[PDB]
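Input: a single structure, listed below in structure tokens.
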2 protein chains.
Amino acid sequence: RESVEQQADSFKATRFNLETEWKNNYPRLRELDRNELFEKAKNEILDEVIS
Amino acid sequence: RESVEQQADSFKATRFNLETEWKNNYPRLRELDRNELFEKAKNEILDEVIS
């Protein structure tokens, strides 16, 4: 119980730092996982094929 | 055997007419099914959220 409280606060702070870095570097972008990036990449490829 | 040959030619001609209509109406667009349109629509929504 004592350990998990400390870990939860540390994890929340760590996640906040990661989010702050994302905003500072990529404020106008959206975070996507590996699968979603693959879907976005293929759609762009199809657009270039049409263009 | 005789019937399927006639049907295959008719289906090919029918598909050609549908493709010709697509080019005449939407030459610069890509045909997508119901699922793919849903994926495209949600991505546009996320873009508007960021904008």
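Coordinate-derived values only; no laboratory data. All Cβ positions, even for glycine, are placed from backbone atoms using ideal geometry, and neighbour counts span all protein chains on display.
Numbers for the structure displayed
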{"quantity": "Only listed residue being among the aromatic types (F, W, Y), over 26 Å from B:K40 (Cα atoms) and surrounded by 10 or more Cβ atoms within 10 Å (Cβ to Cβ), chosen from A:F38, A:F16", "calculated": "A:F16"}
{"quantity": "Selection from the stretch A:24-51 of residues that are touching a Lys or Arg at 6+ places or on another chain (Cβ under 9 Å), assigned to a loop (DSSP other than H, G, I, E, B) and closer than 20 Å to B:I50 by Cβ", "calculated": "A:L32"}
{"quantity": "Members of the stretch A:19-35 found to be of a type in the set (D, E, K, R) and within 30 Å of B:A41 (Cβ to Cβ), listed by number", "calculated": "A:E19, A:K23, A:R28, A:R30, A:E31, A:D33, A:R34"}
{"quantity": "Total residues in the stretch B:1-49, condition within 14 Å of another protein chain (Cβ to nearest Cβ) and among the acidic types (D, E)", "calculated": "7"}
